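One chain is shown next in structure tokens, namely the form deposited in one PDB entry.
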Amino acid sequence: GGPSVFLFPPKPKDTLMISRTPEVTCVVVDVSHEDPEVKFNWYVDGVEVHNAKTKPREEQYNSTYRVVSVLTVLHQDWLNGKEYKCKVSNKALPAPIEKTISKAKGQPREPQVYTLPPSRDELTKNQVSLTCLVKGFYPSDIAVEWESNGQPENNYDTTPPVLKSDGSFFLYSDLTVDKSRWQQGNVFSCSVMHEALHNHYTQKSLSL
């Protein structure tokens, strides 16, 4: 009996691209159908902010409501480790609940990006696998794409980051392409977006 608060970070790709909207999301569950009103107060670094958008209530199968408020964050402030505080208040709730999240603490470290050509054994099939290995980056927030001839490349699949024993992360991306295109020596390119890279961006090409 009593509302509970969970505060979630922006998505990594949203934080690293100027055209997307990173946002912190304050979720409140277990709010009574009796008292269904919640008030949110948001503090960036202490300083209160007023442009947060609240969404409408939606009742769960639990017969309790879930109410959410999302706050847009400035790319830079997130990057520079500013604290985003969510205070919630409900009348079926004795004292306000506060939560604070932020960029992952710790020394950022630059990823190494390697491109691996298809295995000789895969040079059997109509389609081959182009591999991008991204290892040794901190924090785990990152974004990987593929391109060729200045155009995006659609069917790649990327693994989630995996924490290596030294405290950094690695992942792999697999872009599968028609072997006709690979055998022509067309140049494919693995794009990596990460806070620790110069201008937050690096490319690594692959062909022969």
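One-based numbering along the sequence shown.
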| item | value |
| --- | --- |
| Higher-B stretch (mean Cα B-factor, as the entry records it), 84 to 92 or 110 to 118 | 84 to 92 |
| Comparing 68 to 76 with 119 to 127, the one whose average Cα B-factor in the PDB entry is higher | 119 to 127 |
| Top residue by Cα temperature factor, when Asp166, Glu145, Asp157, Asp141 are compared in the entry | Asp166 |
| Chain thirds of CA B-factor: placement of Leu206 | lowest |
| Modelled-residue ranking by C-alpha temperature factor, third containing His194 | lowest |
| B-factor third for the C-alpha atom of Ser173 within its chain | lowest |
| Record-listed C-alpha B factor of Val44: chain third | middle |
| Chain third (lowest, middle, highest) by recorded CA B-factor, residue given as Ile97 | highest |
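In what follows, reference is made to the form solved in complex with a partner chain, a form of this protein that is not presented.
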query: In the bound PDB entry, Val24 touching its partner chain (heavy atom, 4.5 Å); finding: no
query: Heavy atom of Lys87 within 4.5 Å of its partner chain in the bound PDB entry; finding: no
query: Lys11: touches its partner chain in the bound PDB entry, heavy atom cutoff 4.5 angstroms; finding: no
